[PDB]
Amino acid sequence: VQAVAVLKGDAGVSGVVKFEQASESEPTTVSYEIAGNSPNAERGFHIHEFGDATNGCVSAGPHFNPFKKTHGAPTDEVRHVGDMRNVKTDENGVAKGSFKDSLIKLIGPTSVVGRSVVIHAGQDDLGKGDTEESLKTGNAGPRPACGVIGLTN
């Protein structure tokens, strides 16, 4: 199964996020290309609950968290399903890469198809900050761009 999200906004940040999953129990391969970010930085990158673009990136809602866990690092057992790694940006403000993930799926009751991907203006503290906010959003900050995840082939 394949899916894709086209990240757009008014802040100079834009990109394309691709998803691929063979079957429900297998990892989903997430690959991305994002331009217009701060250079030489780390930016929060997550799957948000709703594929609702009626209000900028606000209507995407909170991080997709069907299991009601706190915000964490991708390799933490306790994390939101939507918690992806911070994306590293080069000297030109470009983030490009790919990774495999076992909580993110394109198939089944927790499918992210119809949900949203959000790229943040700040670094995600992976739930390790000294605030209650760290356990909710990772203090990743504003949402310069986002895109609804649709089915493709």
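Throughout, we count residues from 1 along the sequence that is shown.
When the C-alpha temperature factors are averaged for each of 24-32 and 124-132, which stretch ends up with the higher value in the entry?
Between 124-132 and 24-32, it is 124-132 that shows the higher mean C-alpha B-factor.
Third assignment of residue 151 from its chain's C-alpha B-factors
Residue 151: CA B-factor falls in the highest third of its chain.
Among all modelled residues of this chain, ranked by Cα B factor, put residue 74 in the bottom, middle or top third, i.e. lowest, middle or highest.
Answer is highest: the recorded C-alpha B-factor places it there.
B-factor third for the C-alpha atom of residue 42 within its chain:
According to the entry, residue 42 has a C-alpha B-factor in the chain's middle third.
Quick check on the deposited entry: does the C-alpha B-factor of residue 111 sit in the lowest, middle or highest third of its chain?
Answer is lowest: the recorded C-alpha B-factor places it there.
Using the B-factors in the PDB entry, rank residue 54's C-alpha atom against the chain and give the third, lowest, middle or highest.
For residue 54, whose C-alpha B-factor we compare with every modelled residue in the chain, the answer is the middle third.
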